[PDB]
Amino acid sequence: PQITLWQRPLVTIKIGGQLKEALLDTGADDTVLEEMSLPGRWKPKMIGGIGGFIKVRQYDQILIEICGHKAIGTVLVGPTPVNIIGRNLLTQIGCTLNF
């Protein structure tokens, strides 16, 4: 699809058997999901944004279906206030910016 930006670019995703909404975020290097129960093993990690840092659990090779497109990659889980799809997954669904 083509998505204009008059509203937040929110898409339906499916990950770890659950349905969620997430923001398509070109300013996010990585994918950060709010607290949720993922199956695999994880690694502790800290990541930085506007107001400082948050600790997250890093899961690798996680499968996500973003608006009907499948992708596998790293997912970070922790106290983000918004589910964010970052560029590590946007490149897999072929996402681009156009103006």
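One rule holds for the numbers: they count along the sequence shown, beginning at 1.
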property	result
66-74 versus 39-47 - greater average Cα B-factor per the deposited record	39-47
Chain-wide C-alpha B factor ranking for residue 17, given as lowest, middle or highest third	middle
Third assignment of residue 96 from its chain's C-alpha B-factors	lowest
Chain-wide C-alpha B factor ranking for residue 56, given as lowest, middle or highest third	highest
Entry-reported Cα temperature factor of residue 29, expressed as the chain third it lands in	lowest
